[PDB]
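Peer 1: Structure below; questions to follow.
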Protein chains: 8
Amino acid sequence: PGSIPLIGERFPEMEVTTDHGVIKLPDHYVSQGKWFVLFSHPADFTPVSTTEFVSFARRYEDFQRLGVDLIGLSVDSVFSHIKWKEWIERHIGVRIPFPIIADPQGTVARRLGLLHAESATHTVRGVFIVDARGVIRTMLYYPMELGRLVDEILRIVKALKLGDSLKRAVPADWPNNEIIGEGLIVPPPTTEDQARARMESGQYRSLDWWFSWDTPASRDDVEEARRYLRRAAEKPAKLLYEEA
Amino acid sequence: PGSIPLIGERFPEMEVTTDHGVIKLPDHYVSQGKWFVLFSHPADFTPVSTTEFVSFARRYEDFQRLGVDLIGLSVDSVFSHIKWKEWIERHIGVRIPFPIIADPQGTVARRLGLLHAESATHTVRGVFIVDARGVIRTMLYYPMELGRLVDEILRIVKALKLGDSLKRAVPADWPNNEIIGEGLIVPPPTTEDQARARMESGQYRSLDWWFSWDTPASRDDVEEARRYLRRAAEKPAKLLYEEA
Amino acid sequence: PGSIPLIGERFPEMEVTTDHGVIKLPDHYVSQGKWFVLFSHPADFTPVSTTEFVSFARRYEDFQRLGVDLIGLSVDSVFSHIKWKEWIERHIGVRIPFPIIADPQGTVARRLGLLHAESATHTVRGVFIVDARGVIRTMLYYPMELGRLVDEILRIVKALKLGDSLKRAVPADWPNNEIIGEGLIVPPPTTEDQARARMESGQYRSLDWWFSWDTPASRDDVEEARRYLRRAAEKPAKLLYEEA
Amino acid sequence: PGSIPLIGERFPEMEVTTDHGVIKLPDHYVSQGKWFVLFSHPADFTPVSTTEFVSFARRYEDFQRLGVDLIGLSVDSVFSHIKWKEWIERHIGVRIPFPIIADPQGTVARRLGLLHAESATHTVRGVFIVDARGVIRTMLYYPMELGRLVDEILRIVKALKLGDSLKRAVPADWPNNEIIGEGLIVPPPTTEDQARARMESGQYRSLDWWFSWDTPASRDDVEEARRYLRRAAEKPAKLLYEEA
Amino acid sequence: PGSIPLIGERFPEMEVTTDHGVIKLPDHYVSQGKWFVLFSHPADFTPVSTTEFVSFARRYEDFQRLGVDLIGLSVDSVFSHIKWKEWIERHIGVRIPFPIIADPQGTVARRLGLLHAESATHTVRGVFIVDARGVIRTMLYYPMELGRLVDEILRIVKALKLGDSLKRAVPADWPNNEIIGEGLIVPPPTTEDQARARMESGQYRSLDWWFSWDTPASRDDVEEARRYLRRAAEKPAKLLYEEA
Amino acid sequence: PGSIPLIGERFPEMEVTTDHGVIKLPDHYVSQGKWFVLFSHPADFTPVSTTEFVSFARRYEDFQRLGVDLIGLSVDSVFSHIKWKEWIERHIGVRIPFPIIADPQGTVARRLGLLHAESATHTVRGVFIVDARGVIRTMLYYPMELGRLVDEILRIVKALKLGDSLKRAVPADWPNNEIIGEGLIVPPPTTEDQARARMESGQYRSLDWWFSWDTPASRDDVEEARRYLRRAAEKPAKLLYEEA
Amino acid sequence: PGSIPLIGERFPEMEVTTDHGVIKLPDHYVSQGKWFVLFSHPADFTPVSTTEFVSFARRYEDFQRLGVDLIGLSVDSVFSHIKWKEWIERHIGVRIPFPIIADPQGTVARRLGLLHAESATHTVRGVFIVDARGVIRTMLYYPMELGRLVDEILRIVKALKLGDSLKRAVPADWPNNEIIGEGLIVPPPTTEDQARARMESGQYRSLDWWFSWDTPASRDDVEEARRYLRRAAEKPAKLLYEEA
Amino acid sequence: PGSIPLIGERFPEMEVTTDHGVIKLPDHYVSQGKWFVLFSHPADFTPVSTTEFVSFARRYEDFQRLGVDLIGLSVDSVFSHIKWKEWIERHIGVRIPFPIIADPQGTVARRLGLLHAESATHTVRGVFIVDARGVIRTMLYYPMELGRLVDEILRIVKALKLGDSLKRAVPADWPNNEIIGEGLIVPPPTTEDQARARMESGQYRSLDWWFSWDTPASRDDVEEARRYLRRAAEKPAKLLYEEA
């Protein structure tokens, strides 16, 4: 087994070397009021990893609009990072705008539990979603053989920001939940008095005292979330390998 | 932080009490040649949890067609599991067909790293995708306030089964990858002799010796994966709260 | 196997989550000048546990008369506690007025020694009788298969309060002791001088210098205690399962 | 705090000196098919203790008819035990027929967790109810100042033996339960299939799938248990101190 | 083996419960200006122990004449102590005037090394002779099967007080020593200059520079010591069993 | 404090150097069917020690008649032992017939607990009475300033041998006990059935079921023990210094 | 092996009991500006040891004229020391003027590493030569079977004092060294510059830069040292055993 | 503050590198039936050390006559040993015939305790006298500033060999002892029987039972030992620095 940071913990304090320079996590992004998604890949010049870097780069403006910065990680050196990003820009025609952590002794990898049994030497495809207070909100661990669905990372951050600002919980498959649609859930009562007051208020649609909801998300917020999933579901019009 | 089992490890050997009786993991599923998805939720009679059970139940036949069984997990007793499943069938009209582990002292939760900093007493929304050899393939940790995207769990399993059977890696956002579309990736060469053989062979479309792909998935395999994402993306026609 | 708190010790300081909110023990009750009876049960929606909750609720006014508050405990969540108390009120017609502690990781159970060999996961039927100074006065440990005799819990508190106010020890089976009836015992001399002064004072009825008693309890206090045992011994006039 | 043996554990193996000779617990009783009640008291020639010995002696044939032996315990020596028992027979006219363990260094007291905070040197009024397999079934801890209700100890053993024999759980305040009277509880279903089958069966009176009961106890078993409580509730016509 | 306090150490600081009350040793006796003899016996209501309590009681005035207080010790409780002393006074006609320590968990016994291999649970027949400064002067350990010679304890105290008051050592069998009779010994020189001064002096009777003596004890001091031995050697005029 | 060997323990196995040669304890004496008295003294050429050696030597035939050998012990060398014994024979006219252990590093002294706080470097006047099984039966610790009463050591051995042979315990001050005289005590019953058999038998004089005695010792055995005490009590006819 | 003090270390601080009284080492001698020779012998009343004490005593004035005090040591008591020194003065006609340490528990012996494998309990024949600063300058360890050559101890102290005063090293067999006779050695150069300056100066007789000497000792100092060696070499004119 | 091997212990088993080759101690010499003298010096090319090597070399035939081999030791390498020996032969005209141990890491120095406080880096002038059984018989520790008296080493070996062959102890200053001259001491009696057997037999000259001697050494053995001391005491006829 191995050790990982946990949801609701502060992201571990660390100085990291990137191909943009040395930065302190999470302070670099907390300072700017930004969320960040830290994601790892096994090695530079690997093909699944390349497809994921191009996916993130294509969604860069969507991440930026949520106040989310992106930061990559692998055990490769900064020189490899710069050569690999140059290769992607020259051969796929896509600039990778975000920094990649160089972690050659796996110091960061070990701290974040990114070395699994699949490889003794390369990180799996981990994802840490970290809010502007530097708190870990979600963690995903995809394996070497499977690329991420990057639109689900956008949907997670959009839904978490909506929940934080509207004081709501977010149903399964939001904004297309089969029970309440684009509805958001009122956190359930935790006392007998809160439960009776909830039933007696009539202020929310409810199935029981513990299951109440309303529709407080803006049309634009729901449409932005729906766009991420529509993009995930769409057969591409053009394939980038066809351009060059 | 907290300890977790790891991708490529055998799922920890354990006897668990469910609302279907006592079973041994992973043996119960290994014996049937089935994959399983073990997922956790904080407490019975909680609303996001309820929406996720209904989503899984709706997708049950999709999981069964892949040869994937489902098993849930809460700190609640089997008596609460049975009363909550009865509630969902009576009030939402959806039978939950799969078992739920009862884990009152968090014995199972501690072994799977399901107790994070967000709650001292309730599991987060963990997902363990386990193959027919009992090997952990993917792990997701969603928080209390955010329901899962269950169609991404179907995509993961379908894509891992396709990678396993065709000996291919799966690009970002498959089957809608922006570079190669529904193409699957040939694992890169790891030696100079292999790199030269790849580049002289003419066998595969390639961008470089380390980035080769082909289109070995069937129309039916690709359409099955695209249907999961199209479902995720569709505004529901009818809401189940409307016929509660 | 199993540490427990002990008679004569202050009840261990703890913050507990109930279906009435968070309360500090024993301070919540000490601050009010109230005794409390903390009792546990294995799981909500279990039948022996339901019979005991109804027994305590039916005796609620007798506990109130003695200045005693009641507080339950099980490993189930507050959501299951609220749904189970709702079920009792709806199907048995008896409102459960007192709080239940939610103890899902057995944090409280472990501190009170309520996890025995009979179940790894569920508390036995423990009783802690705690006075208005926060001192543990009596502890009972009943098993899963046997309900408690709630009238003996009332007799204990009543006798302990009488002992405390009158400076007396209480004989077996009080107030129907076969030697001294409703008599209360003078704590025995612990010195030769004390023993002779006792034997010469003719102040008490005696069988020996170590066995003196008088009858200082009011007829009301005696009959109140006897009423608890008379109720325990009576066949119910009508069974609540009929008028349900 | 302090350590105790637990319900469902074998009574700790030990050789003990009594005023009947040296015996091995729990073997001495297991080998006869007998339950035993081991109870403690602080010291010989103390008045509450004497009332409890007389109460147990008065109920000796009731225990014997149930197949239950009695054994006492204090830190006094065997010579004091024999003198104290002689005193009770001569001054109260009640022979104490059962053995008392002599525990002068408190070896047994520490093993059984009978030294609480009320006294560093003398056991509280502990009770261990041990079945014929040598398993602890119930534990009570009464304090120095309060005599036990010996009829509740008979009710417990009677109710556990009925529950063992009939494969039933025993409601609160049996045989005068306010919901089901002398009814005994069918252990609840622990699976969905068991819950449905119970509800379809028509075999038992039910309030829900988890709350079924029948009336399988013999009229004699019910009348005996009611007789113990009637005796607890009734004022003796004659006090033994008057015929001293 | 076992640990003991040693000759020339202050008696261990200790609060003890006796049948006269709670007292601090050795402080209680140091404050009275008194030596004490602490002696132990295995258990109350034992025959050799009873003979020794009667022997000490008969010599009480001889201990008072030397400024010595007596204090007994066994593992029995204070109630047993008072009953046993009551038995001795009623059946043998001798009042026991001095206190007995009750030591039920062997706290005092373990500190004084009075638990030997002959019994795991009862003290042997230890004697600690403690002077008016609280210092241990002599220790005797008799076994269960052999009563002490109480006149030798009187001889030890008398001789130690004579040695202290006269700066003399006391020969074997004093005051009937076969070499020097009632003579007392001058502490030997420890330096060549002291040895020369001693041989040049003519002050004492001498067999060598290391063996000098004189007769500084009063005739009263000598004859009092001789009387203890003469009593030890005399056939009793009348046996107390005869006048029972 | 310091550790000591204990009554009922085998005398610790040790090879010792004496002025008679090297021997093993307790084997040397056990092999001959002998008891032994090991006694210690602070140093050779000290006057109280010299008086004790002469007293033991005067009694040596009394020890031999009992099957008891003597063995001394001090931290001085064998050369000092031989010179000192020669001095005693030449100046006092008494041959010391028994061996003395030489213990210069205090190996033996530390094993027997003979270094007390009175002296860091010299043994106190310890006495170990060891039976022919090699078992310690009594231990005495006299201080530097006070010679032993050697007749009490003969009385101990004689009484222990009589009690062992006759299966009797020995009263205080035997054979002049004030209650029973030259009576010996029947060990007390330890069970209710033995106590009844004793008080139904009529076979012994008794004060109670726990205090029975008879007179099984021979007139010669009683007269021999009284002779030791009469010798202790009588002023010697002639002092050895008067021809020294 | 065993631990010893080392040349160049301060003699260990210790209070010791001698036949002259208690003294602190090395302070007692350091205080007077005196060297001391501490020497040990196995035991008093041993013959090689007696010859050595007579040898030291014969040389006492030679040590006093160098400002060297003598102090002996054995595991015997001070009483044996005084009796043995008396024996020497009376039988040999030689007074032993210097103190002997009494070390009965071997505390000092163990501190100076004087217990070797030849004897578990008696010190070998050690010699500690200690200067007026309290520093150990030379250590000799002679065995039980071989007396020391006391004139070599004089030679060592005379040679060390001359070396210290004149800032010289002392050749083998000084003052009869076969290379330089009564010559004293100039400490060699330890640097290249020092070695060249030594050879360029022509201040001393030299065999090489590392081997220079001169003759700075007075005729009196040289004759004093040769006299010690002459005495060692010459058969005494008269043997002390004769004039007994 | 340093460990050394001890008299009567076997010389520590070790392989050492010498300027004659690798040899095992003490086996190399034991195998030949030879004693050896192992001696230490601080460093090669030091002047006191050179005087000692020349002294040993001049006495080499005397050591050979006694069956004693010589072995030196310093922390310098074998190359420095050979150059230094070459220097002594060329500049002093004396061949060093015996080996020197090279001990550059102080491995041998540390085993033999030859590193004292005078130097962290160089051995003091240690001497180990080792018999033909490999047993350490004597140890000398001379300091850096003082050469040894080699004739005393010859006298020790000659005297130990005489003692071993004649079963005698050797008096102080032998063969010029002031009491007994060239007499040798009979080991003292260690038992009373031996002491009486010695004083009855009149086979030896005696001052007491513990001081007997005879003259068993041949005149050759006595005069050979006296010759060593006479050589120590003589001014050299010719100083070696003269011719050099």
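Identifiers for the structure tokens are assigned positionally: chains receive A, B, ... in sequence, residues are indexed from 1 per chain, and ligands are indexed from 1 in the order shown.
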Which residues are near residue 36 of chain H? Cut-off 12 Å, only C-alpha atoms, ignore same chain within fewer than 2 positions. Put them as an MDAnalysis selection string.
Peer 2: chainID H and resid 11 25:34 38:39 63:64 66:72 98:99 127:138 153:154 157
Peer 1: Distance limit 7 Å, atoms considered: only C-alpha atoms. Which chain F residues sit that close to chain D? Return them as a list in words.
Peer 2: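 The selection requested is residues 190, 191 and 192 of chain F.
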Peer 1: When DSSP is applied to the backbone of this structure, which of segment 43-228 of chain C are assigned helix (DSSP H, G or I)? Write them out as JSON, numbers by chain.
Peer 2: {"C": [47, 48, 49, 50, 51, 52, 53, 54, 55, 56, 57, 58, 60, 61, 62, 63, 64, 65, 78, 79, 80, 81, 82, 83, 84, 85, 86, 87, 88, 89, 90, 91, 92, 107, 108, 109, 110, 111, 112, 150, 151, 152, 153, 154, 155, 156, 157, 158, 159, 160, 161, 162, 163, 164, 165, 166, 192, 193, 194, 195, 196, 197, 198, 199, 200, 201, 219, 220, 221, 222, 223, 224, 225, 226, 227, 228]}
Peer 1: Counting only C-alpha atoms, what is within 6 Å of segment 212-228 of chain A, bar same-chain residues fewer than 6 positions away, as a list in words?
Peer 2: residues 151, 155, 183, 184, 185, 186, 204, 205 and 206 of chain A
Peer 1: Store the residues picked out above, limited to C-alpha atoms, as a short mmCIF file (atom, residue, chain, number, x, y, z; two decimals), in the first residue's frame.
Peer 2:
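Output contents, as saved in selection_34.cif:
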data_model
loop_
_atom_site.label_atom_id
_atom_site.label_comp_id
_atom_site.auth_asym_id
_atom_site.auth_seq_id
_atom_site.Cartn_x
_atom_site.Cartn_y
_atom_site.Cartn_z
CA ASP A 151 -14.09 17.60 -19.25
CA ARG A 155 -17.26 19.67 -14.36
CA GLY A 183 -31.27 21.14 -9.18
CA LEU A 184 -28.81 21.53 -6.30
CA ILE A 185 -29.31 19.83 -2.93
CA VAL A 186 -29.83 21.63 0.40
CA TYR A 204 -37.85 23.81 -0.83
CA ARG A 205 -39.06 20.99 -3.16
CA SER A 206 -38.41 17.83 -1.04
#
Peer 1: Considering only C-alpha atoms, return as a PyMOL selection string whatever protein or nucleic-acid residues lie within 7 Å of segment 1-6 of chain G, sequence-local ones (same chain, fewer than 3 positions apart) excluded.
Peer 2: (chain G and resi 9+112-113+136) or (chain H and resi 1-6+116-117)
Peer 1: What is the distance between atom CA of residue 203 of chain A and atom CA of residue 180 of chain A, in Å to one decimal?
Peer 2: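 According to the coordinates, atom CA of residue 203 of chain A and atom CA of residue 180 of chain A are separated by 16.0 Å.
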Peer 1: Identify all residues of segment 6-237 of chain B in strand (DSSP E or B) (DSSP on the backbone) and supply them as a VMD selection string.
Peer 2: chain B and resid 10 14 to 18 21 to 25 35 to 39 68 to 74 100 to 102 125 to 130 135 to 142 146 169 to 170 177 181 184 to 186 205 to 208 211 to 214
Peer 1: Can you tell me how far atom CA of residue 177 of chain F sits from atom CA of residue 87 of chain D, in Å to one decimal?
Peer 2: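 Between atom CA of residue 177 of chain F and atom CA of residue 87 of chain D the gap works out to 29.1 Å.
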